[PDB]
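Every chain is numbered from 1 and lettered A, B, ... according to where its sequence line falls, protein lines coming before strand lines.
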2 protein chains.
Amino acid sequence: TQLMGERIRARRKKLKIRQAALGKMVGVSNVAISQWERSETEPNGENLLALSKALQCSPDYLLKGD
Amino acid sequence: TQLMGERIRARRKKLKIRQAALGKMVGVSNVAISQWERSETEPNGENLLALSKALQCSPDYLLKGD
DNA sequence: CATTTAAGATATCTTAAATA
DNA sequence: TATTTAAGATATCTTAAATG
């Protein structure tokens, strides 16, 4: 029952960086990162790809795990 | 420069399928496909990944090309 | 100080009508 | 009849305020 938001936060925690720092890498605000982690919203196409690169994983892993 | 929508339409033409057929494959309406092709909107995260699979290419190719 | 909540503008969809 | 346009619901973002 793992949500994409939980995978996003776990990968950020692995990097040990703040939401604002991850936001800067992706091109969005720290608030957008927070909304994605809490599963309030999901990243759009371009942001999902940028986020996957910053977190060093595939977009599929974030979307549905593995 | 070439827009993502143009790469989407060209790729669809290659597979020889109608917009409605691609929509069924991705899980959206034929109108959504029309909007992406004309650059009226861009696919969201889940939809871009499903679209890349239906068109047999990477999300990166659709987004930025070569 | 990092994050979440609040308020608000634009983006992304759906269905019905219009167009080629 | 394939695709585009129009209207409208709601998702995805923004910056400021509040909370931990």
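Atoms CG (A:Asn30) and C1' (D:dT15) sit 10 Å apart, rounded to a whole Å. Rounded to whole Å, atom P of D:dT4 lies 11 Å from atom CD1 of B:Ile33. The interatomic distance linking A:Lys13 (NZ) with C:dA2 (P) rounds to 12 Å, in whole Å. Atom CD of B:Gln19 and atom P of C:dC13 are 14 Å apart (whole Å). Distance B:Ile8 CD1 to C:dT12 P: 11 Å, rounded to the nearest Å. Taking atom CZ of B:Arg12 as the reference point, atom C1' of D:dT4 lies 12 Å away to the nearest angstrom. For A:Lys16 and C:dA2, the NZ to P distance is 16 Å, given to the nearest whole Å. Atom CD in B:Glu37 sits roughly 16 Å away from atom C1' in C:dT12 (whole-Å rounding).
The number of heavy atoms from other shown groups lying within 6.0 Å of CD (A:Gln19) is above 12.
B:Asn47 comes within 4.0 angstrom of the backbone, heavy atoms only, and of no base.
One finds the CG atom of A:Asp60 at 10.5 Å from the CD atom of B:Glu46 (value rounded to the nearest 0.5 Å). We find the CG-CG distance between B:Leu48 and B:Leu62 to be 6.0 Å, quoted to the nearest 0.5 Å. Rounding to the nearest 0.5 Å places CG of B:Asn44 at 7.5 Å from CD of A:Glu42. Taking CG of A:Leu55 as the reference point, atom CD1 of A:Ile17 lies at 7.0 Å (rounded to 0.5 Å).
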List the steps and the verdict of side-chain contact (heavy atoms from CB on, under 4.5 Å) for B:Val28 and B:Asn47.
CA-CA 8 Å; B:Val28 298; B:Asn47 289 338; 3.6 Å; yes

Can you list the steps and then say if B:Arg9 with B:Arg38 is a side-chain contact (heavy atoms from CB on, under 4.5 Å)?
CA-CA 9 Å; B:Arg9 173 168 289 173; B:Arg38 291 178 291 98; 4.2 Å; yes

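Contact annotation: A:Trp36 side-chain N/O to D:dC13 OP1/OP2 distance is under 4.0 Å. Taking 4.0 angstrom as the limit, B:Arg9 places none of its side-chain polar atoms (N or O) nearer than this to OP1 or OP2 of D:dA2. For C:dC13, the OP1/OP2 oxygens have no side-chain nitrogen or oxygen of B:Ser29 closer than 4.0 Å.
Counting heavy atoms from C-beta on, the side chains of A:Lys24 and A:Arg18 never come closer than 4.5 Å.
Judged by the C1'-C2'-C3'-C4' torsion, the sugar of D:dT14 sits on the north side, since the angle is positive.
Comparing the helix axis at one end of the helix from C:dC1-D:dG20 to C:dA20-D:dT1 with that at the other, each defined from 5 consecutive pairs, gives an inter-axis angle of 30° (nearest 10°).
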Show the distances under 3.5 angstrom between N or O atoms of the protein and N or O atoms of nucleotides 5-9 of chain D.
unit_1 : atom_1 : unit_2  : atom_2 : d
D:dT5  : OP2    : B:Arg38 : NH1    : 3.4

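Checking side-chain atoms of B:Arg11 against main-chain N and O of B:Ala54 turns up no donor-acceptor pair under 3.5 Å.
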